[PDB]
Amino acid sequence: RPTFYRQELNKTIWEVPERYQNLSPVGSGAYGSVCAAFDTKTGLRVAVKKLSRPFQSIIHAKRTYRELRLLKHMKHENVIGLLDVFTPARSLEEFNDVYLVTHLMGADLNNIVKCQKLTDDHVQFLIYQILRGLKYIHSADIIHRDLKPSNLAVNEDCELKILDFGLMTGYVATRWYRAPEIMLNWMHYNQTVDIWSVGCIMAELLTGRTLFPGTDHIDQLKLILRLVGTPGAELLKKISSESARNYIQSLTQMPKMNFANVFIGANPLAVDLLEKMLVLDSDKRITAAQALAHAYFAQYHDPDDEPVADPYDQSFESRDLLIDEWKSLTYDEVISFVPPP
Ligand SMILES: Cc1ccc(C(=O)NC2CC2)cc1-c1cc2cnn(-c3ccc(F)cc3F)c2n(C)c1=O
């Protein structure tokens, strides 16, 4: 058991081991605040997320457990993986705080597209890495569901990692990347929900502006349908939701726009990919494993450096437990964590 030390960082008190030094706050995370640190043991610069009161409710505690179990499982270059987890608590009885430790990056794609000119190659590298993380993420029967720039951490030398996987109204940017099916509650939609979100990002990288900047769920669906066209009889009987199916029919039927006329001055191979990613019916979207083979990524595609993952155990998700039973489950995982080589 290492020595801990206390530091007041933005009205909240952090208690960390000696090995983490030079703590500077960075902003928001998923259900907590994040600090940057230098890990004197491994020599890496690391982001440390402290979870804010993780055991105050049942919905909180399960989510505390959910987040830690995801990261433990993730060992991939383009996916955020757990480097360490600790707690200042000495025993289960006093145990209340969880600090997660992962790799550190410069910013997400929100803070860069502003003051950058991005050559066709920048896109090639950036999208290839997303889909590479996705292929791996999806192989463990996991969906992100909320893929967007803000959760794609990025480097000076253009390296990329994915955050907030496995975890909303008006003129807000958190909705502009959603696949229409999950946005409007349609069906057992599948993994290819994230392939839509790519298509929307890639476009924004290629054009410098948002593809579907809707003012509400409806205004956005209309923007989407203007480009990709209105559903045929095939996709209608696939929507297993009464109210949604009823609304789609009532809409004036629109044909598919010519994709070359929208994203202009862009690589023809990039265009042909977007057509295969922005398909409305998610039984006909190109899969991650398939997307890497596309001739667009010809100079990066290395099949022997595109690994899949081991199946993820999600049987804990269908269990009704109390606070202290999620707490105990979590406690066990934290003290049983063994750091990488
Ligand atoms: C510390 C941490 C813990 C967990 C998760 C996570 O996604 N968990 C769910 C289960 C999958 C993410 C992070 C996490 C990692 C990194 C790396 N870099 N940056 C980062 C730093 C400055 C900046 F401007 C942008 C940035 F992305 C991170 N931020 C802001 C983070 O929140």
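Relevant structure appears above.
Notes on the structure follow.

**What about the nonpolar core?**
- Ranked by size, the top nonpolar core spans 88 residues in total, and within it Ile127, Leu131, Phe165, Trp196, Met202, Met277 and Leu278 carry the most contacts.
- It is helix α4 (residues 193-207) that provides the largest number of residues to this core, a total of 10 residues.
- Both domains that meet at this core, namely domain 1 (1-106 + 309-338) and domain 2 (107-308), each give it at least three residues.
- If we ignore the near neighbours within four places in the chain, the residues touching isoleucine 127 are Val198, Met202, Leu205 and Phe297.
- Ranked by size, the runner-up nonpolar core spans 14 residues in total, among them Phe4, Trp14, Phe86 and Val101.

**Quick word on the pattern of salt bridges**
- By the definition in use, this model includes 14 salt bridges.
- For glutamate 67, the salt bridge is made with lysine 49, and the minimal N-O distance between the two is 2.6 Å. Taken as a pair, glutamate 67 in helix α1 (residues 58-73) and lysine 49 in strand β5 (residues 45-51) lie far apart in primary sequence, 18 residues in all.
- The salt bridge involving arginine 132 is made with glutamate 77; its shortest N-O contact spans 2.8 Å. Of the two residues, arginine 132 sits in helix α2 (residues 120-139) while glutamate 77 sits in the loop between α1 and β6 (82-86), which places them 55 residues apart along the sequence.
- Assessed through its relative accessible area of 7%, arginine 132 is described here as buried.
- Three or more residues joined by partner-sharing salt bridges are found here, namely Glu77, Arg132 and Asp305.

**As for the site of the ligand**
- Around the ligand there are 19 residues in total, and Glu67, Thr102, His103, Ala153 and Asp164 lie nearest to it.
- At 3.3 Å, a side-chain N or O of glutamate 67 approaches a nitrogen atom of the ligand.
- Contact with the protein chains hides 93% of the accessible area of the ligand, taken as 650 Å² for the molecule alone.
- Those elements that provide at least two residues to the shell around the ligand are β5, α1, β7 (99-103) and β8 (107-108).
- If one sorts the elements of the shell around the ligand by residue count, α1 sits on top with three residues.
- Considered class by class, the residues forming the shell around the ligand number 11 nonpolar, four polar and four charged.
- Formed jointly, the shell around the ligand draws a minimum of three residues from each of two domains, domain 1 (1-106 + 309-338) and domain 2 (107-308).

Reading the values: the criteria
- Bear in mind the residue numbers are our own, running from 1 along each chain as written, so they may not match the entry, and residues with no coordinates are left out.
- Side-chain calculation: all heavy atoms of the structure are included, whereas hydrogens and water are not.
- We call a set of buried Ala, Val, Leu, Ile, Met, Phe, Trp, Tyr and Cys residues a nonpolar core when their side-chain atoms join them within 4.5 Å.
- Only protein chains enter the accessibility calculation, which uses a 1.4 Å probe; a residue is then buried when its area is under 20% of its type maximum, exposed when over 50%, and partly exposed in between.
- Elements are defined by DSSP. Helices are runs of H or I of four residues or more, strands are runs of E of two residues or more, and each kind is numbered from the N terminus.
- Where each domain begins and ends follows an automated or database-derived domain assignment.
- We call two residues in contact whenever any of their non-hydrogen atoms come within 4.5 Å of each other.
- A side-chain nitrogen of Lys or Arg and a carboxyl oxygen of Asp or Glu constitute a salt bridge if their distance falls within 4 Å.
- One heavy atom suffices: a residue is near a molecule or strand as soon as one of its heavy atoms comes within 4 Å of it.
- Whenever a nitrogen or oxygen atom comes within 3.5 Å of another N or O atom, the pair is scored as a polar contact, on the condition that within protein one atom can donate a hydrogen and the other can accept it, and that pairs from neighbouring residues in sequence are kept only if both atoms are in side chains.
- Shrake-Rupley sampling with a 1.4 Å probe provides the accessible areas, and residues are treated as covered by the protein chains on show and by no other component.
- Ten residues, namely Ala, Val, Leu, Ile, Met, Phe, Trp, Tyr, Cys and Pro, are considered nonpolar, four, namely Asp, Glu, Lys and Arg, are considered charged, and the remaining ones, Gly among them, are considered polar.

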